[PDB]
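In what follows, a structure is listed as structure tokens, so that the remarks can point back to it.
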Amino acid sequence: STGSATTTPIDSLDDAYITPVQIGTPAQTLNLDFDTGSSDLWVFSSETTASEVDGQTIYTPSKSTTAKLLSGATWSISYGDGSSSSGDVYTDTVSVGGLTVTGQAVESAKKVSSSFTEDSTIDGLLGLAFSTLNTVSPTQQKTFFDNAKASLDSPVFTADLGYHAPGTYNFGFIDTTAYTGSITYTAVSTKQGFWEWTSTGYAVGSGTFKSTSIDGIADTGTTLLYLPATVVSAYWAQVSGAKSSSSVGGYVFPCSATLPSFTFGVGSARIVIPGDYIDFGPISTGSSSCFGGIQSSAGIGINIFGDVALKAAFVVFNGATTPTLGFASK
Ligand SMILES: N[C@H]1[C@H](O)[C@@H](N2CCC[C@H]2CO)[C@@H]2OC[C@H]1O2
């Protein structure tokens, strides 16, 4: 089997991407944030505290003839931005772009934090990291990909995110028309439950390539590119007037600037992030200070190749017995 679904930016800045997902019988379509940095599929639901729902589409398990309570199971998760959610669990039929998994754990939110409530466009999360990170207790549950894997033509999925445009998530096949040149594959460590890999270095604009190992994760659920402070400083030093603002929460730059590109290494290959991809616009409406798309990972504990990096590439998440990551230009 295979699946193919379009993923769409939630706003003009590509702050996140949503992908339609069919849950239950008859189908209830929710727009979920596909997140290769976590491993829970959770949704706004008929069980979500009413005051914490503001415009989201909800899953109502009582209206699904294939829904079954996963008796006694609960979940609770917190993310890198301090957001959180928790609740109980149903199993139900879940389909993504024509690919169907029966008995998928669908985690129903009883509570969500303010950032989720305020995000009217995101109806929940679909985790695509390794199932070892799944938070369901007392019986840990498998991700949609984990469940689908054996049935797939190939045990892979791909992320093809657009810059200020829709893109594609494919399951079970590699679309050879979707990228240019070749795909460079690189080793993955699953020790922390992430798609963790080691970049071979970086360049700023037309500058020389710096060969240096940068361990990080491929994370579609993180908006920006988070790298060591040394690397981030070298980038922003090439933008006149750019500076780190503790009050704003990171590097800002004059909205009048032209941003340089940023290159990262994948083995001997190179992925070039155009300067425009690194612009996240005025810090507040009308401001002439703009927020940067490359930020320090210093206060995170891990480097994160988020959407800013991934959208510059065609990315293969290879879930073979020995997992690997592939990157191609496009
Ligand atoms: N990386 C996580 C992120 O920190 C969460 N935030 C919650 C509101 C949107 C987003 C802000 O960027 C979201 O859930 C899991 C994943 O994406």
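Going by Swiss-Prot, the residues shown for chain A are 90-419, listed in order.
The header says X-ray crystallography, 1.2 Å.
For all residues, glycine too, the Cβ spot is worked out from N, Cα and C.
Copied from Swiss-Prot, the annotated features are:
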ACT_SITE  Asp124  active site
ACT_SITE  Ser288  active site
DISULFID  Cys344-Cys379  disulfide bond
DOMAIN    106-417  domain 'Peptidase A1'
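Annotated features taken from Swiss-Prot, shown on the structure.
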residue	record	CB count, 10 Å
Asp124	active site	21
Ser288	active site	22
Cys344	disulfide bond	14
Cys379	disulfide bond	22
Quick one: which of the recorded positions (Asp124, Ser288, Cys379) have their CB closer than 6 Å to ligand 1?
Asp124
C-alpha of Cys379 (disulfide bond) to C-alpha of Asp124 (active site): distance in Å?
26
Where does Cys379 (disulfide bond) sit in the DSSP three-state scheme?
strand
Alpha-carbon spacing, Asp124 (active site) to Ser288 (active site), which is rounded to whole Å:
20
Report, in whole Å, the straight Cα-to-Cα distance of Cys344 (disulfide bond) from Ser288 (active site).
30
